[PDB]
RNA sequence: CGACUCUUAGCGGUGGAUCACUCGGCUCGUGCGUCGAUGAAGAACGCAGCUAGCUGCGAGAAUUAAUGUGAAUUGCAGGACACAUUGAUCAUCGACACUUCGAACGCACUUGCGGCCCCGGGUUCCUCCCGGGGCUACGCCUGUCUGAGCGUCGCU
RNA sequence: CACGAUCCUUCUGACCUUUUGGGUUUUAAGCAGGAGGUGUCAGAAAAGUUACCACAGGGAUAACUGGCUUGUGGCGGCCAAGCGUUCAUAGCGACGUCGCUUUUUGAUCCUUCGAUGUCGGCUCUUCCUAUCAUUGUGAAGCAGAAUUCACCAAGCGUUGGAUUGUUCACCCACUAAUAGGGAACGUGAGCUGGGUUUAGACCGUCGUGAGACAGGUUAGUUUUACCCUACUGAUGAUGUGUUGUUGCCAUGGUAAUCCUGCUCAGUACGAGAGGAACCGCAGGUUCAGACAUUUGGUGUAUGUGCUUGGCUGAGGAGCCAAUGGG
RNA sequence: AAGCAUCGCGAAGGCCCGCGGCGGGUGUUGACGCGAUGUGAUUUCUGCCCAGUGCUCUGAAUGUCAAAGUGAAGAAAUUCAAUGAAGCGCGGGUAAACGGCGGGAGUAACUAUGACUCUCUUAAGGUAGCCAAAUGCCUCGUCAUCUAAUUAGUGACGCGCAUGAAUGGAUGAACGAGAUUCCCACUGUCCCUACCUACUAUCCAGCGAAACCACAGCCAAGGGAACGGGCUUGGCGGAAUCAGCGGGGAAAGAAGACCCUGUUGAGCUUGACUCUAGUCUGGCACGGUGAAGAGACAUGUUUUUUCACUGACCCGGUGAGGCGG
RNA sequence: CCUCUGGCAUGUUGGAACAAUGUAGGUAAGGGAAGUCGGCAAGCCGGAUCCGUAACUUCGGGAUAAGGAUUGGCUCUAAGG
RNA sequence: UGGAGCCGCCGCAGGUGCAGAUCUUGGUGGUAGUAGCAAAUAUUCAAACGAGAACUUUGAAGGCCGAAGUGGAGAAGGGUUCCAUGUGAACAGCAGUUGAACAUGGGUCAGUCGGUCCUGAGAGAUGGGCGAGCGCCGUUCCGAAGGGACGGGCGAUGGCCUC
RNA sequence: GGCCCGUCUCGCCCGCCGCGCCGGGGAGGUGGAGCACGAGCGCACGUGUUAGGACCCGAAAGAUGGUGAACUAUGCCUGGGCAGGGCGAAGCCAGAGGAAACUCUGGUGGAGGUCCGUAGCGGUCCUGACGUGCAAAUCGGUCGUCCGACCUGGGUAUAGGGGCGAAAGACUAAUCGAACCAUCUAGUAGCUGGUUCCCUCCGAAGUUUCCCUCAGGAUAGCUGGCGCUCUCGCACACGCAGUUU
RNA sequence: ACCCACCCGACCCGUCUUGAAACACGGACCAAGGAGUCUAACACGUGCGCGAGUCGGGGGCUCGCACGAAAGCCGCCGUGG
RNA sequence: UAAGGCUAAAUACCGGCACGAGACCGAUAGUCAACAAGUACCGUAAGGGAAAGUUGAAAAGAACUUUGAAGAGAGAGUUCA
RNA sequence: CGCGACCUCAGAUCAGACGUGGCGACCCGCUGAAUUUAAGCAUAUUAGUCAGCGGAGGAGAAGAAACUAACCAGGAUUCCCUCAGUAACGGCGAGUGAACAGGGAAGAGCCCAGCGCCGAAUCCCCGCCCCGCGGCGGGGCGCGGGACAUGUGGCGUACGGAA
Ligand SMILES: [Mg+2]
Ligand SMILES: [Mg+2]
Ligand SMILES: [Mg+2]
Ligand SMILES: [Mg+2]
Ligand SMILES: [Mg+2]
Ligand SMILES: [Mg+2]
Ligand SMILES: [Mg+2]
Ligand SMILES: [Mg+2]
Ligand SMILES: [Mg+2]
Ligand SMILES: [Mg+2]
Ligand SMILES: [Mg+2]
Ligand SMILES: [Mg+2]
Ligand SMILES: [Mg+2]
Ligand SMILES: [Mg+2]
Ligand SMILES: [Mg+2]
Ligand SMILES: [Mg+2]
Ligand SMILES: [Mg+2]
Ligand SMILES: [Mg+2]
Ligand SMILES: [Mg+2]
Ligand SMILES: [Mg+2]
Ligand SMILES: [Mg+2]
Ligand SMILES: [Mg+2]
Ligand SMILES: [Mg+2]
Ligand SMILES: [Mg+2]
Ligand SMILES: [Mg+2]
Ligand SMILES: [Mg+2]
Ligand SMILES: [Mg+2]
Ligand SMILES: [Mg+2]
Ligand SMILES: [Mg+2]
Ligand SMILES: [Mg+2]
Ligand SMILES: [Mg+2]
Ligand SMILES: [Mg+2]
Ligand SMILES: [Mg+2]
Ligand SMILES: [Mg+2]
Ligand SMILES: [Mg+2]
Ligand SMILES: [Mg+2]
Ligand SMILES: [Mg+2]
Ligand SMILES: [Mg+2]
Ligand SMILES: [Mg+2]
Ligand SMILES: [Mg+2]
Ligand SMILES: [Mg+2]
Ligand SMILES: [Mg+2]
Ligand SMILES: [Mg+2]
Ligand SMILES: [Mg+2]
Ligand SMILES: [Mg+2]
Ligand SMILES: [Mg+2]
Ligand SMILES: [Mg+2]
Ligand SMILES: [Mg+2]
Ligand SMILES: [Mg+2]
Ligand SMILES: [Mg+2]
Ligand SMILES: [Mg+2]
Ligand SMILES: [Mg+2]
Ligand SMILES: [Mg+2]
Ligand SMILES: [Mg+2]
Ligand SMILES: [Mg+2]
Ligand SMILES: [Mg+2]
Ligand SMILES: [Mg+2]
Ligand SMILES: [Mg+2]
Ligand SMILES: [Mg+2]
Ligand SMILES: [Mg+2]
Ligand SMILES: [Mg+2]
Ligand SMILES: [Mg+2]
Ligand SMILES: [Mg+2]
Ligand SMILES: [Mg+2]
Ligand SMILES: [Mg+2]
Ligand SMILES: [Mg+2]
Ligand SMILES: [Mg+2]
Ligand SMILES: [Mg+2]
Ligand SMILES: [Mg+2]
Ligand SMILES: [Mg+2]
Ligand SMILES: [Mg+2]
Ligand SMILES: [Mg+2]
Ligand SMILES: [Mg+2]
Ligand SMILES: [Mg+2]
Ligand SMILES: [Mg+2]
Ligand SMILES: [Mg+2]
Ligand SMILES: [Mg+2]
Ligand SMILES: [Mg+2]
Ligand SMILES: [Mg+2]
Ligand SMILES: [Mg+2]
Ligand SMILES: [Mg+2]
Ligand SMILES: [Mg+2]
Ligand SMILES: [Mg+2]
Ligand SMILES: [Mg+2]
Ligand SMILES: [Mg+2]
Ligand SMILES: [Mg+2]
Ligand SMILES: [Mg+2]
Ligand SMILES: [Mg+2]
Ligand SMILES: [Mg+2]
Ligand SMILES: [Mg+2]
Ligand SMILES: [Mg+2]
Ligand SMILES: [Mg+2]
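Chains as they are written, first to last, in the deposited numbering: chain 1, 54 to 68; chain A, 2 to 245.
This is the structure we're talking about:
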């Protein structure tokens, strides 16, 4: 399927 | 975790010695009636370079005393050997340089190299580059001789076992600085895969016992037992004293 | 009314559900219970008048012989045969045959190099050269021949 | 209230039972009662770390928003002992007291863990007023000038920089003034990514160590709009019989701003020092709406010179070099 | 990385492999070498601490310490005894081994600091150096300088939250797609935007996907699982579309990396618990010959000690070529 | 960068327009980093010959340091075998 | 409509009733005639064939690659892609009279060019050892590891038994 | 009330082939899943509870045996490749000075993990392009390096708790803090999700105690189903209650 | 029961949840498939047979089994449970 | 009566050859496989592994006419259709 | 320094035989987990189970008591029913777990070494004849080879055996 994001991007980041 | 570099050198594979261009082993002549009782004469046909070795060698050719046949050897060159020289060897050999004779014959204070550790072994002690042994003292009964090795140790030896008079050629090699990493690279390439060496402190803690940490430190004492399983025996092995 | 949109129905598309079939499976049972250096299984490459695949066979290659059967085979051709004759076509299968790899065997895996005996051309055993044929794995047993040993003796 | 199951051990107890084909003896095994302990006390035998991390799930549970609350912060009354030379209240206001506010921080955990992109700045619009300035006014401990206090009031404004990732802060400068906030602490398919907050590394402190640190440092991928709406503009739509005309106007929107100089005038006022204002007149700020006569900018009219390297044999005439260059 | 510095090993050895082998790698090697660690060119230095944890050296003088072996009593299973290996303890060394390196009071004819003194304390109590550093909490430290203005930069200062000497300290020319700060130049970075070119986007012919999709798609307020497209009450609502746009669909993407729970895990660590290859020691076996002597018990037995011997076993040499008489 | 030999048909299409946004190029008056976390981006500089070259230094470097001047076309001269 | 089997009652039996499982397999929409068919400067005129030409071919012009080539030959890899004739369904993201598509046939000739031989790093039998074992180790190491040759002698046959 | 077995306490007698450390009884308590004129066995259906793949789907992991070094990591063998400039190290020549030591000046010479810079190898910044791409990592400019620890073909070696690592837990065929393939395997799941026709009747709980228990069990409670035993509106009722007296 | 109109009523289902129209997840649409099974053991309830008994296995005797791998019978009828 | 040995039978049988049957499945089922299936296809390799049945009783499978370059049609015909 | 016995060992493309791989449902010998259960886990369990290696047959293995028992005694092995979820094992937890008897299916028992006796009375291979020859056998005849006294054959093996 469609790529979307990189492995280390992990979109909605909230640490 | 991992098998550490060090444990891996035992399996050979990549860490075996490089030996294509090596010119041969650097033995002594094998014993026989002539060596044992008189002295066989040979001539130094050439002096040679042997990759991965600081000592130069000497093609020395004799005559086989049984078949019409010119046998040849590779002596490690005693310093001051040259071509078109004769190289006598045996019991009744004359005590001059580049002349292999039993330690029992030669007097005290006599400097030798390529010295047989056990009679008939063909030349095992003191064969490095600037190195030699000195014949200390003889015990006529017991047929034994005391010899001072380059390490300092004063080993006991059979008076029968032979040595070439004089020191090894190419001495003082290690006085020259290397300077270039390149110059190091080129040294060990004609030997074996042992060069650019990575400090266990650098490594992650799976590949070395000093590894890991937020600071490149050892964390444990760097001295260690020698009743130590291979994988820990790292740093200073059985270190009697450790400092300066 | 106009176009467009929504709804229903008719007919047509798309799609292949349903139903109905079944030379396939799944399960249970019965009898027998058989591979191979006399070259297995497996693989390879071949072989049809037109044939690619599946099958069937091995340079005698969709098969030969034999026996049983008794007019076909058939996509088209062509043919045969006298189907009052060992005789088409199937079936069986006891005779014959069975390319190359493979335990795989002269040694190698290039399909490369050989040795040794015999035969035909080649010679006129002149060895060559070419072609054909038969041998040339390892292990082991029973014997056979040749041997080895300051192994144990005997006679000289 | 002051204490402890099974299993195991240990001690005590009977002329006790069994110890297996029978008998004797040691041994062991039973039966019955105490003791040896499980405090996570109805009773596993048990150290860390992970920022290299994983999986099952959880809004039963944190880290935002938003709710409730308002202690805390912010703002505002009431009372009136005082201050204010004198005089509670021009301006203030103790000891007490009553409130509002959600631009502070806490409580809390209702929503979201099959993810609502986590700070700041930029950019843009709109609202609020708890009004810094500007208009109109009441007050003074308002002579003038400067002023603080209050009212109507949010129309129009509220800037340029140095340091800092900053919010915040501070400083310089100008100004009429450099008021304060809100919009998911407005705004990442708007950017940016400096900072927080993966992985690489350094330092300090801590840790035996792996590693830790609202301790410092440096390096580190910022995806998608063609759907629907909203907004912007663009064709059209139903009606009027068709068509064209010139028109009206329901409803929406809406805009102007503040300053200087001159004059009044060294005048009023004032002991003086200082020092206004209304009407005029001349201009400027910010904003808005246009426009190109002029100045400037662009310029591939590829217009016209000039020039490099090359190429049509040369001249002349040209071309090529992603717009050859000027 | 060169350079420096430690450490192990003379080969029946160091280090290491391997399931096993008279196996293998280093090694066609022998300390100017092989192997194991640190530090990191040069210059200049490299202080003190062996208490702790390591490592190591010695060893009948000796606490404990297993199996076998020896004695003991017992009818025997047995029990008890003496004996006693490494290892622990006991005693030396070692910091270019891991590492570590203080705190009170008083004191100088203005004050202030404190050279000086006094204690209490450790294994020493941080030496040379260096500094608000890539290391300083307070912190935007203080002074100076750099600017009109500097939470920045530089230079100084040093009870330094929590600097510091091969866990290397201080330095330093050359070098660096390394981290800062300023100046000159240069510029549309900006004041402040503008015009031009090409390819797009646009319209057309031909061709023609995808994600996403409960239904859908105008607002205000209300209540509501405490931020509604749908509900209530209001405002309101007019076909079909085009180019744009990023406010909203808490848009899409991926069963949250954070956090917490699970009696789910994995990577790594060690003073976790339970084991284990390896290694070190002791016993029995292959394991023999002779000499001598020496104790212990007994009035022969056992323990054997040392010194030889060679025939097992091992190692080395060689085309097993001259060995012993 | 332009050319001959040889090779191609502009890289899976064409046509018409020349809007906004872009992607890739350029240019800008006056100022010159006031922008921004930060001169990011772009701009300056650039070849050669002739001068001239600092601190510091491991004496080797630094060094194209910095900072200057010249450069075309044409017609001659002199010097090198 | 369809064209060959099927039902009621009494009992027995079960792989017995779907809207959901980010369910499985297949199909179909809206999105949409939308995004899109924009890297590397470039095309134009005439003719031929042809049902039909923006794209084929020929000619003419204008352009590019610019000998570190968009030129001329190999290695590996492909495996008939090569050449010719024909087709215009499908495929070559427009078209095609074209193609590496499809269908018919053709097509690779060696003493000397290479494989072939050698040894390299290495691989690997035997002997030997290990091994529960398929086997492994080992490659000169615990091997009686040479089958060859010359000259002489003696025998045997095959040949003008001469040589 | 009684009887049987275990057990205790107290007691007094009987028996005989073997008189005994023999055997038998009595009274009174008390433990027993006992007896006290039997109810089981077999077959069938239903519900519940378990063990099994056990309602269906779902891990991260664990184990055994095999396949890969065509990418990449490192070693080894054999081949190939690297414009044009700058700086100008040793050595050498001449000239000048120097009494000597030797020193200056001009040349020549061409050193170097030397500088610029092409091919090559790389991959800094634009946090540019692209981001349902040309591309599952590409493009453009800008950059680093370019005689050496240089680049590179083929051959060859090392294999999974293993390799290889100038060390980033890097790389090991788009996969690495433990590769891939098949099996053990339908691994386990106190946790998500789903769980298929109608009517009818009854109809809860979130509280108990225990639990390495707190997102789960156990046990009480609350529910349903099956009943039974009786009662009397069949002029002829006892008992019971979320009351009150 | 097809379409249309009008008045009133009327948020989208599934699900976990104290609470869902939710700004909680799953769901574009349709077809087919798709989840409490079987074995064993226990317990209680119910139905049947026999009853101080009951029992059937296992084995055997009767058939080539068409229906049968059934059905029947057994001093085994009870070794045994 | 151990430290030596041989031995049919009742017993086992998801592989093979050859048969028989079924309260089974009926093409998303039943074996992966009703068909040119361990096929195509993928993967360096170990290994992975599909989809896919049905004209009609008979091919009687549409002669011929016509439009079109053709695919496609329009009539005609075959068939109970 | 010979020749000859034997012993222990080699080499033959010596004569003639055999073994090698496959299949693997069942069978024999080794080897041997971990998911899993215990609501955690380490013993236990999963399990002598999967994977691994070896070797077979139509079946294999087992088998003619160094057995059971404790009786008034049974009498090889295998199989079924039962014993029995019992005795026992077990963090005596989870869980695991046989045997004899009894009834059936079937039913079958034997041979060496030794100890002894018997002229090795025995065996293999050659070669000639007659039959028989697609599972190489019978009979005869050979001063034809060899094995064998370091022991072949007949009698005989515990139920006794020999003379
Ligand atoms: Mg690291
Ligand atoms: Mg470790
Ligand atoms: Mg319709
Ligand atoms: Mg289908
Ligand atoms: Mg007894
Ligand atoms: Mg970390
Ligand atoms: Mg952390
Ligand atoms: Mg790390
Ligand atoms: Mg909550
Ligand atoms: Mg007063
Ligand atoms: Mg809050
Ligand atoms: Mg959002
Ligand atoms: Mg107000
Ligand atoms: Mg916000
Ligand atoms: Mg937004
Ligand atoms: Mg974004
Ligand atoms: Mg950052
Ligand atoms: Mg980091
Ligand atoms: Mg568009
Ligand atoms: Mg001209
Ligand atoms: Mg160009
Ligand atoms: Mg060190
Ligand atoms: Mg110490
Ligand atoms: Mg420390
Ligand atoms: Mg100090
Ligand atoms: Mg600044
Ligand atoms: Mg400073
Ligand atoms: Mg320190
Ligand atoms: Mg020190
Ligand atoms: Mg430190
Ligand atoms: Mg909504
Ligand atoms: Mg939006
Ligand atoms: Mg989202
Ligand atoms: Mg989740
Ligand atoms: Mg997850
Ligand atoms: Mg719990
Ligand atoms: Mg774990
Ligand atoms: Mg421990
Ligand atoms: Mg173009
Ligand atoms: Mg084109
Ligand atoms: Mg192309
Ligand atoms: Mg400008
Ligand atoms: Mg600014
Ligand atoms: Mg600035
Ligand atoms: Mg720049
Ligand atoms: Mg400089
Ligand atoms: Mg029909
Ligand atoms: Mg069924
Ligand atoms: Mg459905
Ligand atoms: Mg378009
Ligand atoms: Mg060509
Ligand atoms: Mg062609
Ligand atoms: Mg096309
Ligand atoms: Mg129950
Ligand atoms: Mg179940
Ligand atoms: Mg699973
Ligand atoms: Mg585990
Ligand atoms: Mg980018
Ligand atoms: Mg895009
Ligand atoms: Mg393209
Ligand atoms: Mg793992
Ligand atoms: Mg399941
Ligand atoms: Mg739970
Ligand atoms: Mg009820
Ligand atoms: Mg829940
Ligand atoms: Mg909740
Ligand atoms: Mg709901
Ligand atoms: Mg809501
Ligand atoms: Mg959920
Ligand atoms: Mg959804
Ligand atoms: Mg269905
Ligand atoms: Mg019952
Ligand atoms: Mg047997
Ligand atoms: Mg089908
Ligand atoms: Mg089908
Ligand atoms: Mg099927
Ligand atoms: Mg069907
Ligand atoms: Mg059909
Ligand atoms: Mg059908
Ligand atoms: Mg019909
Ligand atoms: Mg076999
Ligand atoms: Mg468990
Ligand atoms: Mg569990
Ligand atoms: Mg666990
Ligand atoms: Mg077991
Ligand atoms: Mg198995
Ligand atoms: Mg048998
Ligand atoms: Mg027996
Ligand atoms: Mg028995
Ligand atoms: Mg029972
Ligand atoms: Mg068991
Ligand atoms: Mg006998």
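Positions of the beta carbon are idealized from the N, C-alpha and C atoms, including for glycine.
(message) Starting from residue 89 (chain A), trace the beta strand (DSSP E) in both directions and tell me its first and last residue.
(response) Per DSSP, residue 89 (chain A) belongs to the beta strand (DSSP E) from 87 to 90.
(message) With a threshold of 7 Å on Cβ separation, who are the neighbours of residue 196 (chain A) within its own chain once the five nearest residues in sequence on each side are excluded?
(response) Cβ within range, chain order: 185, 186, 189.
(request) Can you say whether residue 36 (chain A) is buried or exposed, counting buried as having 16 or more other CB atoms within 10 angstroms of its CB? (result) Around the beta carbon of residue 36 (chain A), 16 or more other beta carbons sit within 10 angstroms, so the residue counts as buried.
(request) State the CB to CB distance for the pair residue 82 (chain A) and residue 56 (chain A), rounded to an integer number of angstroms; the pair is presumed to be in contact (CB under 8 Å). (result) That belief does not hold up - the Cβ atoms of residue 82 (chain A) and residue 56 (chain A) are roughly 11 Å apart, past 8 Å.
(message) For residue 113 (chain A), count the other beta carbons within 10 Å of its own beta carbon; 16 or more makes it buried, fewer makes it exposed. Which is it?
(response) Residue 113 (chain A) is buried by the Cβ-count criterion.
(message) Rounding to the nearest angstrom, what Cα-Cα distance links residue 26 (chain A) and residue 183 (chain A) in this structure?
(response) Going from the Cα of residue 26 (chain A) to the Cα of residue 183 (chain A) covers about 28 Å.
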